[PDB]
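*Asks:* The structure follows.
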Amino acid sequence: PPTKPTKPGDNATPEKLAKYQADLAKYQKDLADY
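The sequence shown begins at 1 in the authors' numbering and counts up by one.
This is the structure:
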(Lines of atoms letter the chains of each structure in order from A and count residues from 1; the text may use other names and numbers.)
(Lines give C-alpha, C1' and ligand atoms only; values in the text may rest on other atoms or scores of the structure.)
Protein backbone atom coordinates (compact mmCIF):
# COMPACT_ATOMS: atom_id res chain seq x y z
CA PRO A 1 0.00 0.00 0.00
CA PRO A 2 0.98 3.68 -0.40
CA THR A 3 1.94 6.18 2.29
CA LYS A 4 -1.14 6.18 4.51
CA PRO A 5 -1.52 9.30 6.70
CA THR A 6 -2.55 9.27 10.35
CA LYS A 7 -6.22 9.86 11.09
CA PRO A 8 -7.07 13.28 12.59
CA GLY A 9 -8.98 12.54 15.76
CA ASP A 10 -7.72 14.81 18.50
CA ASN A 11 -5.46 16.65 16.09
CA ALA A 12 -8.38 17.16 13.70
CA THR A 13 -7.78 20.91 13.64
CA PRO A 14 -8.63 22.67 10.33
CA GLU A 15 -4.88 23.08 9.88
CA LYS A 16 -3.83 19.44 10.20
CA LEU A 17 -7.08 18.26 8.67
CA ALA A 18 -6.14 20.18 5.53
CA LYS A 19 -2.72 18.51 5.62
CA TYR A 20 -4.51 15.17 5.84
CA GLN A 21 -6.80 16.11 2.94
CA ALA A 22 -3.85 17.33 0.89
CA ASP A 23 -2.01 14.09 1.61
CA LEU A 24 -5.07 12.07 0.62
CA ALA A 25 -4.55 13.57 -2.82
CA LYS A 26 -1.40 11.48 -2.98
CA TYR A 27 -2.54 8.50 -0.90
CA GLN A 28 -5.99 7.90 -2.38
CA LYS A 29 -4.50 8.15 -5.85
CA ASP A 30 -2.16 5.17 -5.41
CA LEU A 31 -4.67 3.57 -3.05
CA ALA A 32 -7.33 3.57 -5.78
CA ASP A 33 -4.88 1.78 -8.07
CA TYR A 34 -3.92 -0.64 -5.30
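For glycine and all other residues, C-beta sits at the position ideal for the given N, C-alpha and C.
At the level of alpha carbons, what is the spacing between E15 and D23?
*Replies:* Using only the alpha carbons, I get a separation of about 13 Å.
*Asks:* Measure the C-alpha to C-alpha separation of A32 and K4 and round it to an integer number of angstroms.
*Replies:* Going from the Cα of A32 to the Cα of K4 covers about 12 Å.
*Asks:* Do you know how far the Cα of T6 is from the Cα of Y34?
*Replies:* The alpha-carbon atoms of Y34 and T6 are separated by roughly 19 Å.
*Asks:* Suppose you measure from the CA of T13 to the CA of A25; what does that come to, to the nearest Å?
*Replies:* Roughly 18 Å separates the two Cα atoms.
*Asks:* Return helix, strand or coil for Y20, following the three-state DSSP convention.
*Replies:* Here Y20 sits in helix by DSSP.
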